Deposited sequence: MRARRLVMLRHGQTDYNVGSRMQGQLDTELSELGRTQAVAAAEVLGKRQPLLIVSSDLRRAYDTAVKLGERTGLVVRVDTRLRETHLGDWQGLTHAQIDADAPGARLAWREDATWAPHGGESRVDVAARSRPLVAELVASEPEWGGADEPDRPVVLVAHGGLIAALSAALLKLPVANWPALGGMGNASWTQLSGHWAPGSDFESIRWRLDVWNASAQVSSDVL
């Protein structure tokens, strides 16, 4: 079995202000940096095989602390970026609700709906799922005989993680909103048991702190 760990970036100042980011490249807050230190310790002990991060700095900075704790290089991939949120980037929840009452809630319940200029959950899965497939192909050590519990660690964002997870689990799109919201520096683990499609993923942990 292949263990896949997915870590949401630590707290940013925008998170503190309930302000939407998307692919705006915001900074970790001080608290966010200490969160990343704490998470690296926990995940470091699990002895990751590999670290792949979103190139957005809030994720990348989170990933670098795990790299320091484990002596692994941090690989970077734009396909792990958070959902592009188009017109909503830079606005707060309150601001969005004032303009479009009910649009946020509606967005949340429809995995095919994108904000104007942005991405849907389905779009994000379409870019991120093949990356997991590439790592299955490129990392023979993963779930291999020697050390089969050593996880691949993807460091990213909450939207990306829900989308990628639902897609790996092969939930129908209509059910993707069943997956909730990750905490800052919280993680999710899937296991892939066994062609890439033949892999059967299950959810071991959603949103551990």
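Unmodelled regions of the deposited sequence, numbered from residue 1: 1 to 2, 197 to 200, 216 to 223.
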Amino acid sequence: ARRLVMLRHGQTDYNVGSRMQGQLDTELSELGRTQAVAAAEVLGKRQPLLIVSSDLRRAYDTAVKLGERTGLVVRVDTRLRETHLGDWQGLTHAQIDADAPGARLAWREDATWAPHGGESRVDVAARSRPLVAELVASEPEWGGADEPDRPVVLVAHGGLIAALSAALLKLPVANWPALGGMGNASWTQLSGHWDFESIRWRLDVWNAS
From here on, numbers count along this sequence of modelled residues.
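According to the PDB record, 98 to 106 carries the higher mean C-alpha B-factor of the two stretches 111 to 119 and 98 to 106.
Comparing 18 to 26 with 195 to 203, the higher mean C-alpha B-factor in the PDB entry belongs to 195 to 203. By the numbers in the PDB entry, the CA B factor is greatest at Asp87 among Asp87, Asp77, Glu82, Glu134. The residue among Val173, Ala39, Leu168, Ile161 whose C-alpha carries the highest B-factor in the deposited model is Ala39. In the PDB entry, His93 places in the highest third of its chain by CA B-factor. Ranked by C-alpha B-factor against the other modelled residues of its chain, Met182 falls in the highest third. Among the modelled residues of its chain, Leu43 has a C-alpha B-factor that falls in the middle third, as given in the PDB entry. When the CA B factors of the chain's modelled residues are split into thirds, the value for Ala145 lands in the highest one. Sort the chain's modelled residues by C-alpha temperature factor and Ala156 lands in the lowest third, per the entry.
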